[PDB]
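**Student:** I'd like to ask you about the structure that follows.
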Amino acid sequence: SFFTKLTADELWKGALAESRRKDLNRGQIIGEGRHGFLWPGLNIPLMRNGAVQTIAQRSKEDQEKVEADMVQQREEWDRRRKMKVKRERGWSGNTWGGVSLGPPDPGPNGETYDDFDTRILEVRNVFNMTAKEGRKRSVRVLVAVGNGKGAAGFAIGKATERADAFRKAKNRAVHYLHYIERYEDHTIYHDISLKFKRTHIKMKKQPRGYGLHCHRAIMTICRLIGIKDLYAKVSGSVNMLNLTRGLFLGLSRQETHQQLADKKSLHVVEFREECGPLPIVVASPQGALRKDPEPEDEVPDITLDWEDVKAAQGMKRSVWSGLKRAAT
Amino acid sequence: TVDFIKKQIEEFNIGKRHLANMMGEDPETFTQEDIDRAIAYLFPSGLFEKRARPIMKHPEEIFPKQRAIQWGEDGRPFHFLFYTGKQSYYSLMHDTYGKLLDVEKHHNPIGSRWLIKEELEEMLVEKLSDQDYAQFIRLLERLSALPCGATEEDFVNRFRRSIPXXXXXXXXXXXXXXXXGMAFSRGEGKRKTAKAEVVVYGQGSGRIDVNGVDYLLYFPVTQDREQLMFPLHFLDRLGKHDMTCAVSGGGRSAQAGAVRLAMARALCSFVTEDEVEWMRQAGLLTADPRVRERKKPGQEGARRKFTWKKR
Amino acid sequence: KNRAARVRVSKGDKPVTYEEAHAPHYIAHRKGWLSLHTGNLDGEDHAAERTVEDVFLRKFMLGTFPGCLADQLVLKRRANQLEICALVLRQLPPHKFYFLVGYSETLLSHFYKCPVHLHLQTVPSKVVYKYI
Amino acid sequence: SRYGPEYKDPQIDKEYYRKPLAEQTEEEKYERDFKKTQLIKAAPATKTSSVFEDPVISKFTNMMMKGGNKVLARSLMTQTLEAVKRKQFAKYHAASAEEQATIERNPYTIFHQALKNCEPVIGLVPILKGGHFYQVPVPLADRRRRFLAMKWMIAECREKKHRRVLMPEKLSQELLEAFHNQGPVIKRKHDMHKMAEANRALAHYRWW
RNA sequence: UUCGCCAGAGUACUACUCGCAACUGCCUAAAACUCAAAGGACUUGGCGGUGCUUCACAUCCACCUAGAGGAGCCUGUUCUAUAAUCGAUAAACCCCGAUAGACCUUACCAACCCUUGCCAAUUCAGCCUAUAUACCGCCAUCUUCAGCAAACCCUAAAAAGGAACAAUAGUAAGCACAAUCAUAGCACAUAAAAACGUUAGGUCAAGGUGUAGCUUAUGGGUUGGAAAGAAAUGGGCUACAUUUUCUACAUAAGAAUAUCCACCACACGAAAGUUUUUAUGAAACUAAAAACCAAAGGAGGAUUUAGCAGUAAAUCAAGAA
Ligand SMILES: [Mg+2]
Ligand SMILES: [Mg+2]
Ligand SMILES: [Mg+2]
Ligand SMILES: [Mg+2]
Ligand SMILES: [Mg+2]
Ligand SMILES: [Mg+2]
Ligand SMILES: [Mg+2]
Ligand SMILES: [Mg+2]
Ligand SMILES: [Mg+2]
Ligand SMILES: [Mg+2]
Ligand SMILES: [Mg+2]
Ligand SMILES: [Mg+2]
Ligand SMILES: [Mg+2]
Ligand SMILES: [Mg+2]
Ligand SMILES: [Mg+2]
Ligand SMILES: [Mg+2]
Ligand SMILES: [Mg+2]
Ligand SMILES: [Mg+2]
Ligand SMILES: [Mg+2]
Ligand SMILES: [Mg+2]
Ligand SMILES: [Mg+2]
Ligand SMILES: [Mg+2]
Ligand SMILES: [Mg+2]
Ligand SMILES: [Mg+2]
Ligand SMILES: [Mg+2]
Ligand SMILES: [Mg+2]
Ligand SMILES: [Mg+2]
Ligand SMILES: [Mg+2]
Ligand SMILES: [Mg+2]
Ligand SMILES: [Mg+2]
Ligand SMILES: [Mg+2]
Ligand SMILES: [Mg+2]
Ligand SMILES: [Mg+2]
Ligand SMILES: [Mg+2]
Ligand SMILES: [Mg+2]
Ligand SMILES: [Mg+2]
Ligand SMILES: [Mg+2]
Ligand SMILES: [Mg+2]
Ligand SMILES: [Mg+2]
Ligand SMILES: [Mg+2]
Ligand SMILES: [Mg+2]
Ligand SMILES: [Mg+2]
């Protein structure tokens with residue numbers, strides 16, 4: 001029946017059945033035995049103060065102790081396998097949205113980003129039809145990256161094993177970065193209303209105490225860009241990808257005070273409410289400042305969003321709106 | 001990988017000495033021919049695939065060629081065609097086309113073949129595509145198409161190879177016996193489990209003896225005697241020659257055929273150099289490749305299968 | 001599809017010993033024989049014994065030398081003595097290695113009632129023929 | 001098939017080799033032949049340069065062989081040629097001088113004739129149309145026709161004899177009756193011809 | 001700039017109303033109830049009794065040869081019968097695991113018996129008990145099919161796709177094929193090989209195992225007993241005779257030859273049976289050989305199997321157990 005027995009690996013293949021693994025190679029030293037012999041080359045160093053120890057046998061109790069030691073070893077390992085459940089949650093529970101993926105990989109050129117945070121926007125199980133296999137299961141993750149200093153981007157990546165795909169999106173996303181220009185290094189410069197493919201994005205420029213009021217994705221992206229104050233409501237289809245594409249197009253759509261000044265050749269002047277009438281200059285037209293005043297119409301012609309005007313008059317009565325929510 | 005080639009060639013020579021001194025030969029005249037015998041006697045692997053047998057060889061034949069460093073330590077690449085991804089190919093192409101152009105301004109079946117695709121791949125140390133190869137060879141035809149200068153001819157000679165072709169039925173010189181002072185020729189045919197040997201004497205009575213008995217008695221089947229008659233009736237020598245014969249293995253037709261081959265082989269000493277090509281085109285001197293085919297397991301007759309059932 | 005003594009193609013990352021990378025039809029063509037003895041030649045006797053014997057020495061060496069065995073174990077029989085070659089990985093501190101050398105030789109010699117010779121060739125890591 | 005496509009057939013006729021000198025394109029051709037270093041087949045054992053070899057007789061010989069018996073088929077044929085021979089000698093000596101001029105004493109000419117006369121001109125192939133099989137008139141290539149004649153003779157003198165009657169004899173009878181066109185074999189050829197004439201309309205169906 | 005129209009899907013061009021030369025009509029047009037969808041466009045597959053081209057090389061058709069289905073027998077299933085195994089069971093079962101069951105093998109039934117009951121030690125052994133839809137092993141199958149797959153790169157977005165050679169976004173080592181090996185020199189042929197997957201295909205009875213069960217019994221032994229045929233069918237063997245049968249014999253011979261007729265029956269065909277021996281074996285139920293007997297069968301319905309050359313067909317001999 002010694003002939004009938006087998007190798008360990010085989011037994012674990014035919015135990016596990018992939019058509020968790022514990023190892024018996026752990027904890028047992030050479031010459032270790034239940035009949036408790038101390039062999040001169042294994043259990044014990046070859047020599048003592050006197051040379052050439054002989055073949056010796058421990059006590060009953062010394063053995064009860066070593067056995068107790070191996071038992072407590074196994075207990076220790078089981079506890080160590082059970083303690084292995086710990087996590088940081090991205091958005092909700094088992095949603096991988098907003099989970100930190102960890103800084104992208106150093107490129108070929110030695111280029112290293114320890115500054116870049118990555119967040120998973122959308123993990124999704126995608127299927128295909130393969131003549132051979134029937135269904136074929138891929139994972140695709142849409143992932144964004146940014147340093148907080150205003151440059152950020154996103155990419156998609158797809159692989160059979162999801163781990164692989166997290167990796168793929170990381171690296172591909174460092175390859176597409178946008179520079180996102182921030183006013184006074186938190187808000188956006190001016191309001192943005194942007195329709196992109198069945199999804200409408202709208203975002204208002206807030207003052208400082210007002211942290212990040214946004215779709216959870218857009219919050220995530222705005223922490224990666226380093227935008228700390230924003231109002232953003234999203235209309236139409238919410239699908240993740242169109243949303244991040246939309247948002248990024250929109251925040252690159254931005255017209256900077258310098259550029260406004262330059263095209264109009266006039267001074268641009270911030271009027272704060274807290275500071276009263278004081279006419280703070282923000283931007284000056286490098287080159288020639290115009291001698292020409294600009295038309296003041298009693299009647300400007302602008303697209304006005306019914307939602308903003310409804311807001312303006314106290315007509316938003318939705319009980320969901322004015323809610324207290326946790327910090328940014 | 002170059003450090004590996006330096007090291008390996010050094011150790012190869014040190015091991016070369018080490019080989020000669022044990023094998024007991026002069027380290028100077030030691031050849032690859034001797035290297036082989038040496039290892040073959042020291043590490044005797046019966047193995048059918050010959051690449052998996054032990055080798056000590058000059059690392060250059062062992063290892064593949066390498067593509068050298070393609071750029072200086074500044075990052076800047078040496079060859080101007082580098083960005084083509086095949087410089088090796090398109091350099092040949094640029095040069096070839098240049099040769100052509102110069103030829104056009106200036107101008108106002110030996111067994112030779114072009115390289116194979118594999119040989120151009122070896123020459124440039126570069127993977128190739130069929131299309132590419134074809135393109136090039138096409139260009140070399142354009143080159144041959146014009147007046148051929150000196151360096152022009154050398155150039156195309158680089159891409160030239162030469163092949164052997166050999167056809168003659170090997171002619172044995174006759175053998176004059178000492179006893180009668182007479183000439184004979186001894187043939188060996190082999191067909192299908194049956195070998196025969198036939199000694200043909202150049203001055204015959206027409207006598208034909210088989211295994212010590214007469215050919216009529218040893219081939220009572222008429223067909224066989226006809227097969228025998230074939231070469232002699234072909235060369236019109238029917239009475240002229242006297243043959244002794246020894247045949248063994250197999251059944252009667254096989255035997256008669258073996259004698260056919262052996263005889264027709266022993267008959268090309270006494271025939272003219274011209275009739276030989278005739279006997280070839282008559283198919284007399286060519287063996288019969290046809291033999292029994294082994295039964296295959298799970299079948300019946302090597303071809304015949306167990307009756308197949310749809311239901 | 002023949003499953004015999006074969007190692008399947010992985011995602012391509014799986015390390016493979018030269019032996020385990022060469023499939024059964026390859027014996028005597030590229031691969032060699034792991035054992036050698038007279039017993040299977042035309043006129044010869046007691047092939048069976050050398051087979052049981054061989055098997056038991058496979059299991060024995062796998063069990064006496066835990067986790068340190070590199071590739072399958074090469075037995076030779078010459079004129080009544082066994083020559084057992086092993087590729088062994090370096091794990092153990094050398095004392096233990098010689099302990100087990102003496103242990104094995106003696107024990108086996110007295111088991112098979114014929115003199116045993118043991119050889120350990122030590123290797124830093126399993127040789128990789130393919131993938132990796 | 002132990003011959004690759006590289007191996008061309010042997011040409012076994014001796015008259016071809018002995019007398020080349022008057023033919024230019026054929027000189028060119030066999031020059032191409034052996035010069036091409038052409039691998040050429042070991043000539044078969046049945047094909048001989050014998051002056052007495054008639055390929056038609058060989059084919060008919062084979063088609064009579066059951067199992068592997070060349071010996072037996074050869075013998076049956078030999079006895080058939082023989083039987084016809086002696087039967088025609090018997091008809092000769094018992095006749096009048098005029099008919100002595102008439103009668104064929106060559107069993108071979110009798111054979112090639114009795115086969116020329118038994119070979120059908122047209123034959124039928126079935127065509128599937130709209131669910132039915134129509135038997136339609138097909139012109140035939142010579143070798144298929146030869147085959148049909150031989151096959152028919154053999155099948156006829158195999159099947160319909162009374163068991164006390166040996167093959168070579170009956171075969172000889174059928175040969176001599178097919179010579180004069182009065183034999184059952186020709187009845188068969190004629191039923192082919194008639195069946196083709198009845199279905200002649202349907203010769204539209206055939207597209208090739 | 002206007003008007004008209006749309007608030008889930010059915011229910012429903014429906015029920016009631018109103019009006020109409022309609023009176024199984026037209027127009028206007030709901031709710032109960034039920035459901036968690038209902039819809040549009042796309043993506044790869046697969047499929048198509050769609051269309052077009054090109055093939056099939058034992059291959060569909062046309063063609064060639066030799067057989068199966070009919071007969072006897074051998075042997076395997078399926079059913080009935082039995083107190084009396086299991087497994088396989090479209091192609092991919094059916095002389096299959098068995099290169100092999102009188103006892104043994106053996107797992108089966110019938111009775112009897114034994115309980116740390118093989119081992120160095122163990123509240124431990126031992127289990128042909130349930131899971132092949134938990135599995136490893138070994139395989140079948142598409143398949144002599146060409147694809148599989150990491151690492152990347154591209155696509156006014158990516159479900160996925162990714163070629164054009166006077167080239168238009170693809171590069172890539174790996175595993176397949178190919179190449180080389182074997183069949184004693186070539187060559188071809190055959191052999192071998194043939195990934196990824198597919199069929200929850202096969203096998204817990206080769207062995208080993210995850211999960212479950214059994215433990216004075218689903219365990220272990222001794223003694224006998226099984227494998228009967230109303231049939232139905234798969235595969236074989238031998239025939240049905242003159243290209244035959246017998247004897248001699250190796251391949252030129254001599255005789256026999258289904259109807260005479262009262263043969264003193266003979267022509268083919270007895271592998272089947274009855275008898276006697278012999279081989280083996282403790283045990284003949286098993287094999288072989290003689291003597292007898294000579295039966296169905298007189299070339300086989302629908303429908304089907306195989307073969308492209310030293311093959312098919314016929315003939316002979318050897319080995320594994
Ligand atoms: Mg939760
Ligand atoms: Mg056969
Ligand atoms: Mg196979
Ligand atoms: Mg509704
Ligand atoms: Mg209507
Ligand atoms: Mg209505
Ligand atoms: Mg109305
Ligand atoms: Mg067929
Ligand atoms: Mg087919
Ligand atoms: Mg039949
Ligand atoms: Mg039958
Ligand atoms: Mg059964
Ligand atoms: Mg029953
Ligand atoms: Mg079953
Ligand atoms: Mg089953
Ligand atoms: Mg099946
Ligand atoms: Mg079978
Ligand atoms: Mg039994
Ligand atoms: Mg039991
Ligand atoms: Mg079940
Ligand atoms: Mg299965
Ligand atoms: Mg399995
Ligand atoms: Mg390919
Ligand atoms: Mg792709
Ligand atoms: Mg070879
Ligand atoms: Mg080949
Ligand atoms: Mg095969
Ligand atoms: Mg191959
Ligand atoms: Mg199943
Ligand atoms: Mg099935
Ligand atoms: Mg089991
Ligand atoms: Mg278990
Ligand atoms: Mg019991
Ligand atoms: Mg029993
Ligand atoms: Mg039946
Ligand atoms: Mg038969
Ligand atoms: Mg006779
Ligand atoms: Mg009998
Ligand atoms: Mg009888
Ligand atoms: Mg009868
Ligand atoms: Mg059919
Ligand atoms: Mg035996």
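As shown in the structure tokens, the chain order sets the letters A, B, ...; within each chain, residues go from 1, and ligands are also counted from 1 in the order they appear.
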Give the alpha helix (DSSP H) residues of segment 82-266 of chain B, as DSSP finds them on the backbone, and put them as a ChimeraX atom specification.

**Tutor:** /B:87-106,117-124,130-144,150-158,215-218,222-235,252-266

**Student:** Could you take the residues named above and write them with C-alpha atoms, as a PDB file, in the first residue's frame?

**Tutor:**
ATOM      1  CA  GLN B  87      17.271  48.463 -42.679  1.00  0.00           C
ATOM      2  CA  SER B  88      18.956  45.275 -43.751  1.00  0.00           C
ATOM      3  CA  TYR B  89      16.395  44.683 -46.438  1.00  0.00           C
ATOM      4  CA  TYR B  90      15.963  48.188 -47.759  1.00  0.00           C
ATOM      5  CA  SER B  91      19.686  48.767 -47.890  1.00  0.00           C
ATOM      6  CA  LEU B  92      19.951  45.914 -50.353  1.00  0.00           C
ATOM      7  CA  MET B  93      17.039  47.533 -52.081  1.00  0.00           C
ATOM      8  CA  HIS B  94      18.558  51.024 -52.210  1.00  0.00           C
ATOM      9  CA  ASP B  95      21.838  49.597 -53.498  1.00  0.00           C
ATOM     10  CA  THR B  96      20.166  47.367 -56.035  1.00  0.00           C
ATOM     11  CA  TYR B  97      18.099  50.207 -57.383  1.00  0.00           C
ATOM     12  CA  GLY B  98      21.210  52.406 -57.442  1.00  0.00           C
ATOM     13  CA  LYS B  99      23.094  49.809 -59.441  1.00  0.00           C
ATOM     14  CA  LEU B 100      20.163  49.765 -61.842  1.00  0.00           C
ATOM     15  CA  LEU B 101      20.049  53.546 -62.234  1.00  0.00           C
ATOM     16  CA  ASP B 102      23.811  53.733 -62.900  1.00  0.00           C
ATOM     17  CA  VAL B 103      23.473  50.951 -65.447  1.00  0.00           C
ATOM     18  CA  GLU B 104      20.791  53.005 -67.229  1.00  0.00           C
ATOM     19  CA  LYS B 105      22.929  56.171 -67.361  1.00  0.00           C
ATOM     20  CA  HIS B 106      26.095  54.301 -68.441  1.00  0.00           C
ATOM     21  CA  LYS B 117      14.171  32.989 -48.933  1.00  0.00           C
ATOM     22  CA  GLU B 118      16.029  31.357 -46.053  1.00  0.00           C
ATOM     23  CA  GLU B 119      19.402  32.189 -47.587  1.00  0.00           C
ATOM     24  CA  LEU B 120      18.647  35.896 -47.970  1.00  0.00           C
ATOM     25  CA  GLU B 121      17.343  35.756 -44.411  1.00  0.00           C
ATOM     26  CA  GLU B 122      20.725  34.314 -43.394  1.00  0.00           C
ATOM     27  CA  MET B 123      22.720  36.833 -45.497  1.00  0.00           C
ATOM     28  CA  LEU B 124      21.060  39.904 -43.949  1.00  0.00           C
ATOM     29  CA  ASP B 130       7.713  36.258 -49.018  1.00  0.00           C
ATOM     30  CA  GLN B 131       6.518  39.375 -50.787  1.00  0.00           C
ATOM     31  CA  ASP B 132       9.794  41.083 -49.926  1.00  0.00           C
ATOM     32  CA  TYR B 133      11.924  38.249 -51.202  1.00  0.00           C
ATOM     33  CA  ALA B 134       9.853  38.129 -54.383  1.00  0.00           C
ATOM     34  CA  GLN B 135      10.255  41.868 -54.837  1.00  0.00           C
ATOM     35  CA  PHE B 136      13.985  41.633 -54.593  1.00  0.00           C
ATOM     36  CA  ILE B 137      14.466  38.676 -56.936  1.00  0.00           C
ATOM     37  CA  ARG B 138      12.213  40.484 -59.366  1.00  0.00           C
ATOM     38  CA  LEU B 139      14.660  43.390 -59.145  1.00  0.00           C
ATOM     39  CA  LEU B 140      17.623  41.105 -59.847  1.00  0.00           C
ATOM     40  CA  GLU B 141      15.862  39.982 -63.001  1.00  0.00           C
ATOM     41  CA  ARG B 142      15.666  43.650 -63.980  1.00  0.00           C
ATOM     42  CA  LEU B 143      19.439  43.813 -63.366  1.00  0.00           C
ATOM     43  CA  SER B 144      20.250  40.786 -65.506  1.00  0.00           C
ATOM     44  CA  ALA B 150      31.961  44.025 -64.103  1.00  0.00           C
ATOM     45  CA  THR B 151      30.855  45.105 -60.615  1.00  0.00           C
ATOM     46  CA  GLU B 152      27.295  44.556 -61.868  1.00  0.00           C
ATOM     47  CA  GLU B 153      28.081  40.888 -62.435  1.00  0.00           C
ATOM     48  CA  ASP B 154      29.912  40.564 -59.102  1.00  0.00           C
ATOM     49  CA  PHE B 155      26.916  42.134 -57.374  1.00  0.00           C
ATOM     50  CA  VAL B 156      24.459  39.601 -58.771  1.00  0.00           C
ATOM     51  CA  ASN B 157      26.981  36.837 -58.074  1.00  0.00           C
ATOM     52  CA  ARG B 158      26.522  37.506 -54.338  1.00  0.00           C
ATOM     53  CA  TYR B 215      15.065 -22.039 -65.423  1.00  0.00           C
ATOM     54  CA  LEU B 216      12.122 -23.852 -66.982  1.00  0.00           C
ATOM     55  CA  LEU B 217      11.859 -26.141 -63.994  1.00  0.00           C
ATOM     56  CA  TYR B 218      12.290 -23.352 -61.463  1.00  0.00           C
ATOM     57  CA  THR B 222       4.943 -19.105 -67.935  1.00  0.00           C
ATOM     58  CA  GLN B 223       4.527 -15.511 -66.808  1.00  0.00           C
ATOM     59  CA  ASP B 224       7.751 -15.725 -64.853  1.00  0.00           C
ATOM     60  CA  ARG B 225       9.766 -16.995 -67.811  1.00  0.00           C
ATOM     61  CA  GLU B 226       8.385 -14.026 -69.769  1.00  0.00           C
ATOM     62  CA  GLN B 227       9.567 -11.594 -67.114  1.00  0.00           C
ATOM     63  CA  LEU B 228      12.962 -13.264 -67.378  1.00  0.00           C
ATOM     64  CA  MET B 229      12.882 -12.974 -71.150  1.00  0.00           C
ATOM     65  CA  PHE B 230      12.305  -9.238 -70.948  1.00  0.00           C
ATOM     66  CA  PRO B 231      15.853  -7.776 -70.725  1.00  0.00           C
ATOM     67  CA  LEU B 232      17.384 -10.285 -73.148  1.00  0.00           C
ATOM     68  CA  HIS B 233      14.598  -9.890 -75.728  1.00  0.00           C
ATOM     69  CA  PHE B 234      15.074  -6.141 -75.301  1.00  0.00           C
ATOM     70  CA  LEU B 235      18.787  -6.266 -76.105  1.00  0.00           C
ATOM     71  CA  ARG B 252       7.556 -16.996 -57.232  1.00  0.00           C
ATOM     72  CA  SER B 253       6.633 -13.748 -58.977  1.00  0.00           C
ATOM     73  CA  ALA B 254       8.784 -11.800 -56.539  1.00  0.00           C
ATOM     74  CA  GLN B 255      11.662 -14.107 -57.407  1.00  0.00           C
ATOM     75  CA  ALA B 256      11.220 -13.843 -61.182  1.00  0.00           C
ATOM     76  CA  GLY B 257      11.191 -10.038 -60.751  1.00  0.00           C
ATOM     77  CA  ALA B 258      14.302  -9.976 -58.636  1.00  0.00           C
ATOM     78  CA  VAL B 259      16.034 -11.979 -61.330  1.00  0.00           C
ATOM     79  CA  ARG B 260      14.693  -9.439 -63.818  1.00  0.00           C
ATOM     80  CA  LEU B 261      16.384  -6.579 -61.952  1.00  0.00           C
ATOM     81  CA  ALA B 262      19.668  -8.431 -61.239  1.00  0.00           C
ATOM     82  CA  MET B 263      19.947  -9.643 -64.828  1.00  0.00           C
ATOM     83  CA  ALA B 264      19.160  -6.277 -66.371  1.00  0.00           C
ATOM     84  CA  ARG B 265      21.852  -4.889 -64.067  1.00  0.00           C
ATOM     85  CA  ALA B 266      24.446  -7.490 -65.060  1.00  0.00           C
TER      86      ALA B 266
END

**Student:** Find the residues in chain E near chain D: any atom within 9 Å counts, using only C-alpha atoms (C1' of nucleotides). Write them as a PDB file with C-alpha atoms (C1' of nucleotides), in the first residue's frame.

**Tutor:**
ATOM      1  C1'   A E  62     -21.482   9.358 -61.896  1.00  0.00           C
ATOM      2  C1'   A E 187      12.619   9.803 -52.468  1.00  0.00           C
ATOM      3  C1'   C E 188       7.255   9.151 -51.874  1.00  0.00           C
ATOM      4  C1'   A E 189       4.100   6.235 -48.767  1.00  0.00           C
ATOM      5  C1'   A E 241     -20.664 -25.367 -55.825  1.00  0.00           C
ATOM      6  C1'   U E 242     -17.356 -25.904 -62.363  1.00  0.00           C
ATOM      7  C1'   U E 243     -12.553 -19.767 -61.739  1.00  0.00           C
ATOM      8  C1'   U E 251       1.138 -23.968 -59.598  1.00  0.00           C
ATOM      9  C1'   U E 257     -19.690 -33.538 -60.881  1.00  0.00           C
ATOM     10  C1'   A E 309      -1.754  -0.188 -55.536  1.00  0.00           C
ATOM     11  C1'   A E 313      -9.647  -9.504 -52.802  1.00  0.00           C
ATOM     12  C1'   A E 314      -7.962 -14.400 -51.929  1.00  0.00           C
ATOM     13  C1'   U E 315      -4.077 -17.647 -49.242  1.00  0.00           C
TER      14        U E 315
END

**Student:** Quick one: residues within 10 Å of residue 111 of chain D, only C-alpha atoms (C1' of nucleotides), excluding same-chain residues fewer than 6 positions away - as a PDB file with N, CA and C atoms, in the first residue's frame?

**Tutor:**
ATOM      1  N   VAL D  56      -5.360  -5.882 -74.870  1.00  0.00           N
ATOM      2  CA  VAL D  56      -6.776  -6.152 -74.731  1.00  0.00           C
ATOM      3  C   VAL D  56      -7.000  -7.509 -74.070  1.00  0.00           C
ATOM      4  N   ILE D  57      -6.213  -8.487 -74.498  1.00  0.00           N
ATOM      5  CA  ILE D  57      -6.274  -9.805 -73.899  1.00  0.00           C
ATOM      6  C   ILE D  57      -5.876  -9.765 -72.433  1.00  0.00           C
ATOM      7  N   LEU D  81      -8.740 -19.195 -76.070  1.00  0.00           N
ATOM      8  CA  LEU D  81      -8.086 -18.963 -77.353  1.00  0.00           C
ATOM      9  C   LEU D  81      -7.890 -20.281 -78.081  1.00  0.00           C
ATOM     10  N   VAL D  84     -11.394 -21.860 -79.219  1.00  0.00           N
ATOM     11  CA  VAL D  84     -11.854 -21.199 -80.430  1.00  0.00           C
ATOM     12  C   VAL D  84     -11.012 -21.642 -81.614  1.00  0.00           C
ATOM     13  N   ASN D 117     -17.580  -5.608 -82.055  1.00  0.00           N
ATOM     14  CA  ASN D 117     -18.977  -5.808 -82.404  1.00  0.00           C
ATOM     15  C   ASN D 117     -19.908  -5.809 -81.204  1.00  0.00           C
ATOM     16  N   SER D 172     -15.799 -19.407 -75.554  1.00  0.00           N
ATOM     17  CA  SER D 172     -15.490 -19.531 -76.970  1.00  0.00           C
ATOM     18  C   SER D 172     -16.765 -19.403 -77.810  1.00  0.00           C
ATOM     19  N   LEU D 175     -17.893 -15.897 -77.960  1.00  0.00           N
ATOM     20  CA  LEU D 175     -16.995 -15.157 -78.839  1.00  0.00           C
ATOM     21  C   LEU D 175     -17.349 -15.344 -80.310  1.00  0.00           C
ATOM     22  N   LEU D 176     -17.606 -16.585 -80.700  1.00  0.00           N
ATOM     23  CA  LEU D 176     -17.897 -16.881 -82.099  1.00  0.00           C
ATOM     24  C   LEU D 176     -19.297 -16.437 -82.533  1.00  0.00           C
ATOM     25  N   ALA D 178     -20.850 -13.764 -81.079  1.00  0.00           N
ATOM     26  CA  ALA D 178     -20.709 -12.309 -81.102  1.00  0.00           C
ATOM     27  C   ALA D 178     -19.949 -11.890 -82.351  1.00  0.00           C
ATOM     28  N   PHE D 179     -19.148 -12.806 -82.882  1.00  0.00           N
ATOM     29  CA  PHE D 179     -18.472 -12.561 -84.144  1.00  0.00           C
ATOM     30  C   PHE D 179     -19.497 -12.325 -85.256  1.00  0.00           C
TER      31      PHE D 179
END

**Student:** Let me have all residues with an atom within 8 Å of ligand 19, counting only C-alpha atoms (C1' of nucleotides) and all ligand atoms, laid out as a ChimeraX atom specification.

**Tutor:** /E:107,127-128,218

**Student:** Output C-alpha atoms (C1' of nucleotides) for every residue in the selection just made, as a PDB file, in the first residue's frame.

**Tutor:**
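Final file, out-v7.pdb:
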ATOM      1  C1'   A E 107     -17.364  -7.431  -7.594  1.00  0.00           C
ATOM      2  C1'   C E 127     -15.684  -0.845   1.990  1.00  0.00           C
ATOM      3  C1'   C E 128     -15.788  -2.930  -6.272  1.00  0.00           C
ATOM      4  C1'   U E 218     -22.519  -1.382   2.725  1.00  0.00           C
TER       5        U E 218
END

**Student:** Using only C-alpha atoms, tabulate the residues of chain B lying at most 7 Å from any atom of chain D, each with its closest atom pair and that distance in Å to one decimal, by chain and increasing residue number, as CSV.

**Tutor:**
residue,atom,partner,partner_atom,distance
B:167,CA,D:37,CA,5.5
B:226,CA,D:48,CA,6.9
B:227,CA,D:45,CA,6.3
B:230,CA,D:49,CA,6.0
B:234,CA,D:14,CA,6.6
B:277,CA,D:34,CA,6.9
B:278,CA,D:17,CA,6.8
B:281,CA,D:10,CA,5.6
B:282,CA,D:12,CA,5.1
B:283,CA,D:42,CA,4.5
B:284,CA,D:42,CA,6.1
B:286,CA,D:42,CA,5.1
B:287,CA,D:42,CA,5.9
B:288,CA,D:42,CA,5.5
B:289,CA,D:2,CA,6.0
B:290,CA,D:2,CA,6.3

**Student:** Would you list the residues that come within 12 Å of ligand 7? Count only C-alpha atoms (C1' of nucleotides) and all ligand atoms and give the answer as a list in words.

**Tutor:**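 Every residue with an atom at most 12 Å from ligand 7 is listed here: residues 17, 18, 19, 20, 26, 27, 28 and 29 of chain E.
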
**Student:** As number ranges by chain, please: every protein or nucleic acid residue near ligand 17 (cut-off 7 Å, counting only C-alpha atoms (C1' of nucleotides) and all ligand atoms).

**Tutor:** B: 306; E: 95, 235

**Student:** I'd like a table as a tab-separated table: residues in chain B with an atom no more than 6 Å from chain E, each row giving the shortest atom pair and its distance in Å to one decimal, only C-alpha atoms (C1' of nucleotides) counted, sorted by chain and rising residue number.

**Tutor:**
residue	atom	partner	partner_atom	distance
B:49	CA	E:181	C1'	5.4
B:290	CA	E:310	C1'	5.4
B:291	CA	E:310	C1'	5.3
B:292	CA	E:310	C1'	5.7
B:307	CA	E:305	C1'	5.5

**Student:** Could you give me, as an MDAnalysis selection string, the residues within 12 Å of residue 115 of chain E, counting only C-alpha atoms (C1' of nucleotides) and dropping anything in the same chain fewer than 6 positions from it?

**Tutor:** chainID E and resid 125:126 215:217 219:221
